[PDB]
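Notes follow the structure.
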Amino acid sequence: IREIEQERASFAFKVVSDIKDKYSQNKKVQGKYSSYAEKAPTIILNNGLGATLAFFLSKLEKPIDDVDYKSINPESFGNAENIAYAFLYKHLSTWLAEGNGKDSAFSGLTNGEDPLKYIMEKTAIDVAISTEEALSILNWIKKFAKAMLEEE
Amino acid sequence: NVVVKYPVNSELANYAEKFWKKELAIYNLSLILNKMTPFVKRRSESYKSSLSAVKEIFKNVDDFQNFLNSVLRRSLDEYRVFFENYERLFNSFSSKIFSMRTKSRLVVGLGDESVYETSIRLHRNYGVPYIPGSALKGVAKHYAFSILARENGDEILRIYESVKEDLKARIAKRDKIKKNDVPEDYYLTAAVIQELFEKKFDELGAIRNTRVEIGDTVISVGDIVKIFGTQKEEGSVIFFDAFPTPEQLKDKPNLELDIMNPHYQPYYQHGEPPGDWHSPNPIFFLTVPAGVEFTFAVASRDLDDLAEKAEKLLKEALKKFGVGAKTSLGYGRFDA
Amino acid sequence: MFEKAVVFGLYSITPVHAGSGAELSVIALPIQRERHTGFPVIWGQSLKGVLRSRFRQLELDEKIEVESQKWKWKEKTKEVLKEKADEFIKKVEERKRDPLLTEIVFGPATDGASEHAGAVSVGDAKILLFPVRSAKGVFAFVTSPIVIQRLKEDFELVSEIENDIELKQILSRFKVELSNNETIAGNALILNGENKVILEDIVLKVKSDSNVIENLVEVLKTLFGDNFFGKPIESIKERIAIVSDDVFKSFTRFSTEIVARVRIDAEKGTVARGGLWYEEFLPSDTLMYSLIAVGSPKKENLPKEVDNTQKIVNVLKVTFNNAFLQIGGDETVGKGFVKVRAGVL
RNA sequence: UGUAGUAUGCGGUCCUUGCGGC
């Protein structure tokens, strides 16, 4: 009886604490991350999950169809907006592709494939379930970001 | 010389590219705009999915506007039957209906989050611009607030010195230190008036006898609070959404483009000296052009006189206050 | 138990927000839905409440037409309860008790429930057609095999209630089974030169079948006449798509209206601190069907004009045909307005 | 069991030269 809600909460707490600790000095980075987190579900519901991920990648000045989440470093960007976008993309894609971990209750809907490349050549039902999971995890992430992270 | 990509699933990107190349005929504007958003890559190595970069796939701005308006016009019969049913719904209640043309450009819903970063309120089924009833009610309430503050500023400030002191203390708490600077300008009067109308409605009982001249009629504070309602009492005037008349869409375009060119953007955001070494960052956004005619309707639940007063207030607000976005630049203004 | 049953069809003229209040997802203020399926429904409690409010307003305004004759509640109550006719009237004047006809039909007001039970029983507004954007055929009405199966079950229940087997097999000639990437769509939605359709996010191959869509159109025509809420029913027979169950669930869960609203504070003219929130709305031009069952009234010494159940059936049908009602919240800002049409078999 | 509307109050706002030079 291991509810996925516990995994969602643990992963969201871990990622928000990670960004808080790594960028405790950069208040503007925290504000940008919080704003992007609480605005992402609207973008996903409007234009879809793949469009949202491609929008994040474009804001990262990175090419699409040739970039996965494992090969991006969120801290390797000078701009605060790029920092926050990279962190949000990494967190969302990590939850979608691996979950809280291999040994955890939730291991991610995608086995290990990049969520964008997964969305490119999968059925509508799979991308719908992925969108639902992304909505839930983004809700938890926004909750925790509003909890700890400072507001821009 | 531009590379177009589509982050939608496979076997659908081909149809999206056919729609954007005008090879096929799409009929829903919101569908092509939102669910089939293209990512355009120019000489710069970045797939910017913004209207400024989206328009690069067309010959010019005129071609983009023509394509958008043709897609909008392809659903004219369905929009006509929808507007007929909407008018029937209007006449079902004792609703007063008035038509108003757009004196200047109008844009409602510009602040909505989207891939383009500059959205527009389009009806989901038919893809036509419209004004939500919430926006009309809010603009009418704020016009009433502004009228009350301009006319009865000192009076309400004196009557509610406790409330104005509470607001000043709150502002000092949030707005930096500002221990007692808190200028008693018109904005503070508007804020305390809104606070009275929102959380302190009952204390507004004494003020209810006041009257303010709007247009040719006179409206009481009690009339306004009855119209809009409180946390404990529901409003009596139903504000319906506004939709353009289907006839005008056949001849003149119902959607055009507008540009914002923020020079000195780092000066505004980061703090660099303005100077002139601040190459602009143009951003385009959709907006319904001036002259487009909209139909508004306000219904009553208790008294038709309140409906007439609300109609007059809304007409005055649309003539002076303006609805939509960027109202400080004269956008979203209506004329008789 | 029950005697007759009528079918109420609700066509959402404006977006409808039947609030639920259970927690808050990313799209705050979710609409009420069936938990196990996720399909959006309007619970019987809210529909009965709004119908009762409209009936009370009509009776107090003296606008209810019974047997083509106007109904004055005061004189009828005097003819029924002459001993206490004044006192009961005072209760209506003080809102303690609802007027006579509403108390007969919808049951007595909250101030006193042991006297009798309601003569009417509304049903949950199960969805029938969903408006989904399409590339061709600007928007389409969508249905699912579970939807038509539940409609057939509802028809079976109506036949059992009325002991009329003739109407039982009206829809009993429609069995379907569709893959997740197949649909039975009208000619308008079908792409030109390509046997495929696009429903707002998906390319679906057009499955070839005509009996099912023809029978569905015939059933809708029988239920709601030849006028389908302001337009002829035959004019929309080419804009109907039957999709897979999962696809329909995804449409009902993700294609609903999401409306962002803010509060503007006059101190600065900008959105206030935490003054923004999202609301979920049923899309405009959606169809919800509900069952309204009626039996013998539970009151005593009833007027002759409402003596039997059929006298309630005809009154309800005439008073709730092609009318306009408000469902859910945001009434003041023009949300939740729906055209209601009452039909019988 | 019977009677019972998750409803009322809330503006997707605020901020930006279609320019620079021949």
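With the simple spin-label model, which puts each label point 7 Å out from Cα in the Cβ direction, the B:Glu45 to A:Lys14 separation comes to 3.3 nm. The share of C-alpha pairs in the protein assembly as shown whose separation exceeds 44 Å stands at 34 percent. Modelled label positions at B:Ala336 and B:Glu213, each set 7 Å beyond Cα in the direction of Cβ, lie 1.6 nm from each other. The C-alpha atoms of region A:1-66 occupy a region whose extents along the principal axes are 38, 36, 24 Å, arranged from largest to smallest.
What number results when the radius of gyration of region A:1-149, computed over Cα atoms, is divided by 2.2 N^0.38 Å? Let's see the in-between values first.
Numbers: Rg = 14.3 Å, N = 149, 2.2 N^0.38 = 14.7 Å.
Its radius of gyration relative to the 2.2 N^0.38 Å reference: 0.97.
Shielding value for C:272-285 is 2, the average number of Cβ atoms from other chains within 10 Å of each residue's Cβ. With a Förster radius of 22 Å applied to the C-beta separation of C:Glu34 and C:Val344, the computed FRET efficiency comes to 0.25. Within the listed set A:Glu121, A:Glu38, A:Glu98, the residue fluctuating most in the Gaussian network model of chain A (springs between alpha-carbon atoms under 10 angstrom) is A:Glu121.
Counting only other chains, what is the mean number of Cβ atoms within 10 angstrom of the Cβ of each residue in peptide B:117-125?
Values: counts 3, 0, 3, 0, 1, 0, 3, 14, 10.
That works out to 4 on average.
Computed across region B:111-236, the Kirkwood radius stands at 16.7 Å (inverse of mean 1/r, all Cα pairs).
Under 5 Å between amide hydrogens, built in the peptide plane, is the criterion, and for C:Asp124 it picks out C:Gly44, C:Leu291 among residues at least 5 positions away or on other chains. The convex hull built on the alpha-carbon positions of region C:264-345 has an orientation-averaged projected area of 9.6 nm². Partners of A:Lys102 within straight-line reach, counting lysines whose Cα lies under 21 Å from its Cα and excluding those fewer than 8 residues away in the same chain: A:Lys14, A:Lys70, A:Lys90, A:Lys117. Treating r as the C-beta distance of B:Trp277 and B:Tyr186 and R0 as 35 Å, the FRET efficiency rounds to 0.35. Please determine, in degrees from 0 to 90 and to the nearest 10, the orientation of helix B:76-92 with respect to the longest principal axis defined by the Cα atoms of chain B, where the helix direction is its Cα long axis. With both axes taken from Cα atoms, the answer is about 20 degrees.
Amide H contacts under 5 Å for B:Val115: none, restricted to partners 5 or more places along the chain or on a different chain, H placed in the peptide plane at 1.01 Å from N.
Remark: for residue pairs B:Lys250/B:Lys309; B:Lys137/C:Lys268; B:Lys250/C:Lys339; A:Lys27/B:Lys55; C:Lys70/C:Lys90; C:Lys268/C:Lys335, the C-alpha separation exceeds 24 Å in B:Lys250/B:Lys309; B:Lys250/C:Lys339; A:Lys27/B:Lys55; C:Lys268/C:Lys335. Size descriptors for region C:169-287 (Cα atoms only): Rg and Dmax, in that order, 19.8, 66 Å. How far is helix B:161-174 tilted, in degrees, relative to the longest principal axis of the Cα atoms in chain B, given as a value from 0 to 90 rounded to the nearest 10? For B:161-174 against chain B, the angle is about 40 degrees. Largest mean-square fluctuation among C:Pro30, C:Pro232, C:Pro131, in a Gaussian network model of chain C whose springs join Cα atoms under 10 Å apart, belongs to C:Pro232.
For the segment B:36-49, counting C-beta atoms of other chains within 10 Å of every residue's C-beta and taking the mean gives 4.
Quick one: which of B:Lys226/C:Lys63; B:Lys18/C:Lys196; B:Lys141/B:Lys319; B:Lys22/C:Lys196; B:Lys232/C:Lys317 span more than 24 angstrom between C-alpha atoms? In this structure, B:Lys226/C:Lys63; B:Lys232/C:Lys317 exceed 24 Å between Cα atoms.
Could you list the square roots of 5 times each eigenvalue of the Cα gyration tensor of chain B, that is, the equivalent ellipsoid semi-axes, sorted largest first and rounded to whole Å?
Values: eigenvalues 343, 166, 49 Å².
In descending order, the three semi-axes are 41, 29, 16 Å.
Evaluated on chain C, the Kirkwood hydrodynamic radius is 22.1 Å, with distances taken between all distinct Cα atoms.
Taking label positions 7 Å along the Cα-Cβ direction at both C:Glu238 and A:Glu121, the computed distance is 3.9 nm, reported to one decimal.
In chain B, the longest principal axis of the Cα atoms and the axis of helix B:304-320 are about 60 degrees apart.
Taking one quarter of the surface of the C-alpha convex hull of region C:82-241 gives a mean projected area of 14.2 nm². Of the GluC sites (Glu not before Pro) found in region A:1-35, those that fall in a DSSP loop while having at most 10 other beta-carbon atoms within 10 Å are A:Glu3. Within straight-line reach of A:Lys39, meaning a Cα separation under 17 Å, sit the following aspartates and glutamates at least 8 residues removed in sequence or on another chain: A:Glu81, A:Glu132, A:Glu133, A:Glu150, A:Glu151, A:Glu152, B:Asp112, B:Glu113, B:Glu117, C:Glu257, C:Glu279, C:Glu280. Our estimate of slack between C:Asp307 and C:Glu218, defined as 0.36 nm per intervening residue step minus the Cα-Cα distance, is 28.6 nm.
Extent of region B:70-185 along its three principal axes (Cα atoms, max minus min coordinate, largest first): 61, 41, 24 Å.
Order the peptides B:91-97, B:297-303 from the highest to the lowest mean number of other Cβ atoms within 10 Å of their residues.
On the way: B:91-97: 16.0, B:297-303: 20.6.
Going from most to least packed, we get B:297-303, B:91-97.
Rule-based calculations on the coordinates, nothing more; no lab input. No Cβ is skipped: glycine too gets one built from the backbone with ideal geometry, and neighbour counts run over all protein chains shown.
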